[PDB]
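Undergrad: First the structure, which I've put down as structure tokens, then a few questions once you've had a look.
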Amino acid sequence: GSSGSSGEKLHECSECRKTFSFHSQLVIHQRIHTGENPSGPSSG
Ligand SMILES: [Zn+2]
């Protein structure tokens, strides 16, 4: 596959794999994922 044209390897998420204009934003996005901690011994 002949790559048309490339430049600066943009950044993207690791959970949703979404690209962002600037990494700065990306890092902020990854947050949405990291939320409350439900996983636990709590059976009820
Ligand atoms: Zn994400």
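Chain lettering (A, B, ...) mirrors the order of the structure tokens, residue numbering begins at 1 for each chain separately, and ligand numbering begins at 1 in order of display.
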As number ranges by chain, which residues of chain A does DSSP assign to alpha helix (DSSP H)?
TA: A: 23-33
Undergrad: Taking only C-alpha atoms and all ligand atoms into account, report as a VMD selection string which residues have an atom no farther than 10 Å from an atom of ligand 1.
TA: chain A and resid 12 to 19 26 to 34
Undergrad: Taking the chain letters and numbering used in this document, name the residues of chain A that DSSP puts in strand (DSSP E), as a list in words.
TA: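 Result set for chain A (strand (DSSP E)): residues 11, 12, 19 and 20 of chain A.
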Undergrad: Quick check, in Å to one decimal: how far apart do atom CA of residue 6 of chain A and atom CA of residue 22 of chain A lie?
TA: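 Atom-to-atom, atom CA of residue 6 of chain A to atom CA of residue 22 of chain A, that is 16.3 Å.
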